[PDB]
Amino acid sequence: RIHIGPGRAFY
Amino acid sequence: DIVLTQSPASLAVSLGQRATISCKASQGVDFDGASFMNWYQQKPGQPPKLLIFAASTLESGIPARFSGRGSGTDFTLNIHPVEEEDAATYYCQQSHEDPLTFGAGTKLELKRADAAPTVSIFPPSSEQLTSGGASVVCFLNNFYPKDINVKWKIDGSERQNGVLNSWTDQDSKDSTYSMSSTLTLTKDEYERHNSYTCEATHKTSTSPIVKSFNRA
Amino acid sequence: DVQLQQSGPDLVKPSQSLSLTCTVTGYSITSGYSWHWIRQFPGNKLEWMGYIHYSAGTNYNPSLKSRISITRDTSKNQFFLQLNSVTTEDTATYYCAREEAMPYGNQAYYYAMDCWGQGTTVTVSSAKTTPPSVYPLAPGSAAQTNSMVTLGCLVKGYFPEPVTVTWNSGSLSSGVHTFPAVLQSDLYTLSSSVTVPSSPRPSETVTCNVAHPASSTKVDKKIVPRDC
């Protein structure tokens, strides 16, 4: 799985 | 925006010592099993290099002397033991949301013995005066610590207009700092006064270090 | 390994447009998660500008949204930054960076900007190329107590950076301090000091050599004792 910030534009 | 506040802004450490740098976020950067706080190291004349990501994971090739810890809003970068090559600026950076933001940076500098500045003052050269300008220069070289207060005095009174200062970064060989202070005036203004004093207050002396010259 | 390289004008005039290119080698731009532009201001403050995502969608810093644009060229493997209506406040070092998936925890991945370019300095100014005025700085009015005597060289009002300053054509390298240039009403002023034994000056000649490549200027000033 991958961890991308919840506020990143392309979450 | 998530504002990152680093502490302290500057840290002087001796080799082999432990250095701890903090980073406080204005709101939590934790989410679904990860803390989105990364750390960068930047040496002068070089781009930032990723050190730690996701709060505590070291990037490949970074030595174990670096450790990151924290969660929520509070994070710390620790270096133990500190080595010569560690002198650099360190930044924390959050990837919890866009816009991505960085802290202002903590400069890790090397601690050395206190050194008083060697002060020299210089009258304007005739080549400049004959052209109508007058810059009086004062060099405050090889001192430590970095904090110094320089004041210009003309005929006994403090002058603040026309003063431009420039600092060097810590010297890589001797770890001292140097500074240049220039007072620029027109020739006419220059010739209305006689006594020019460059005065420095530094931790190394209870009395100001003073250098002067009289036009004549 | 992957390598990023910024290129573009180093000097732009106010209200014009700044355009920079980031060339990527050893990795295709279509494979990276996102490609970013970050700038660093004198004082070391880093401001993220924006990025182009793999989907080709972009996201910008709200502070720059009205005048920024990021595009990519899949063929030349480059991405670009366009910043309009620049002001002197836009003077900074510009970097491009790759955001890639890093191994995290137990077979997981975490995105981080792991590879940055070397950076490219951009100055925004309306100043004209101007050669420096080099002034010799001789001790107040004598020699002095014990061994060391400090001499100087003032390099005033030039544009653009940089100037190269040596002492005695490079022969004098120890005891030299060249200070960072500072802006003095749109022109740069920098100074250099050299500390030498009382036995060498004024008996031996000390000269500061100054080269300003932009204007092709080369000046050599001999520090001569002040004739009072």
Side-chain angles (χ1 to χ4, degrees), chain B residues 1 33-34 36 38 40 42 45-50 52-54 57 59-60 89 91 93 95 98-105 107 118-129 131 133 135 137 139 141-142 164-169 171 178-182 184 196 211-214 216, chain C residues 36 38 40 43-48 50-51 59-63 93 95 97 99 102-105 108 110-119 133-141 148-152 154 156 175 177-184 189-193 195 221 226-228:
Chain B
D1 288 28
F36 295 82
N38 318 305
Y40 289 89
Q42 187 185 32
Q46 301 285 314
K49 309 285 173 158
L50 175 66
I52 296 177
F53 57 89
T57 309
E59 163 65 309
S60 300
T89 304
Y91 308 94
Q93 178 265 314
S95 289
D98 287 329
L100 301 176
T101 45
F102 291 86
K107 208 290 160 194
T118 289
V119 185
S120 306
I121 190 165
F122 296 87
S125 72
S126 45
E127 295 193 4
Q128 176 185 34
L129 283 168
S131 310
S135 300
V137 181
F139 292 128
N141 294 332
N142 306 78
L164 289 193
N165 299 318
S166 190
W167 296 257
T168 55
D169 195 32
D171 186 84
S178 289
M179 162 179 208
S180 176
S181 187
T182 302
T184 302
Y196 287 89
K211 290 297 160 173
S212 330
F213 73 83
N214 298 296
Chain C
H36 307 242
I38 298 102
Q40 191 171 36
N44 290 170
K45 204 264 176 169
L46 285 155
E47 181 181 64
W48 167 81
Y51 63 91
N59 188 47
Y60 304 131
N61 182 319
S63 288
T93 305
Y95 297 97
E99 184 165 23
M102 316 298 288
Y104 175 72
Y110 175 99
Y111 284 123
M113 292 178 289
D114 67 332
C115 201
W116 296 51
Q118 297 80 216
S133 278
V134 183
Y135 302 118
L137 299 183
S141 60
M148 315 314 268
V149 60
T150 295
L151 310 173
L154 181 60
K156 187 166 184 302
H177 283 114
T178 295
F179 303 83
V182 65
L183 274 172
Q184 188 170 43
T189 300
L190 154 160
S191 63
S192 184
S193 65
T195 295
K221 285 295 171 176
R226 289 175 39 88
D227 187 359
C228 276

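What you see below is based on every heavy atom in this structure, not just the backbone, and it leaves out hydrogens, waters and symmetry mates. Just so it is clear: chains get the letters A, B, ... in the order the sequence lines come, proteins before strands, and each one is counted from 1.
- Distance CZ/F53(B) to CG/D114(C): 9.5 Å, rounded to 0.5 Å.
- With a threshold of 4.5 angstrom between heavy atoms, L100(B) approaches chain C through its backbone and through its side chain.
- Considering OG1 of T182(B) and CG of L190(C), their distance stands at 10.0 Å, rounded to 0.5 Å.
- Interface remark: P48(B) contributes backbone and side-chain atoms alike to the contact with chain C (heavy atom separation under 4.5 Å).
- Heavy atoms closer than 4.5 Å to chain C are found nowhere in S212(B), neither backbone nor side chain.
- Inter-residue side-chain proximity for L50(B) and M102(C) is flagged as met; some heavy-atom pair is nearer than 4.5 Å.
- Across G140(C) and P123(B), no two heavy atoms sit closer than the pair CA-CD, 3.6 Å.
- Of the two parts of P62(C), only the side chain, counted from C-beta on, holds a non-hydrogen atom closer than 4.5 Å to a non-hydrogen atom of chain B.
- Put simply, OG1 on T101(B) and CG on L46(C) are 11.0 Å apart, with the number rounded to the nearest 0.5 Å.
- In this structure, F139(B) has its ring center closer than 6.0 angstrom to the ring center of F179(C).
- Contact of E127(B) with chain C is made through backbone and side chain together, with heavy-atom distances under 4.5 Å.
- Both the backbone and the side chain of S178(B) come within less than 4.5 Å of a heavy atom of chain C.
- Using a 4.5 Å cut-off between heavy atoms, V134(C) touches chain B through its backbone atoms (N, CA, C, O) alone.
- There is no contact between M148(C) and chain B, counting heavy-atom distances below 4.5 Å.
- There is a side-chain donor-acceptor pair under 3.5 Å between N141(B) and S193(C).
- Only the side chain of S95(B) comes within contact range of chain C, with at least one heavy atom under 4.5 Å from a heavy atom of that chain.
- Residue contact with chain B, scored on non-hydrogen atoms closer than 4.5 Å, involves the backbone of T178(C) exclusively.
- Only the side chain of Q42(B) has a heavy atom closer than 4.5 Å to any heavy atom of chain C.
- Taking the six-membered ring where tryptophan is involved, the planes of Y40(B) and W116(C) are perpendicular, since the angle between them exceeds 60° and thus also 30°.
- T89(B) touches chain C through its side chain: at least one heavy atom from C-beta onward sits under 4.5 Å away, while N, CA, C and O do not.
- In this structure, chain B has a heavy atom under 4.5 Å from the side chain of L154(C), while its backbone stays farther away.
- Inter-residue side-chain proximity for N38(B) and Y110(C) is flagged as met; some heavy-atom pair is nearer than 4.5 Å.
- With rounding to the nearest 0.5 Å, the separation of CG in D171(B) from NE2 in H177(C) is 6.0 Å.
- To the nearest 0.5 angstrom, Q184(C) atom CD is 4.0 Å from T184(B) atom OG1.
- Atom CD of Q40(C) sits about 4.5 Å away from atom OH of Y91(B), to the nearest 0.5 Å.
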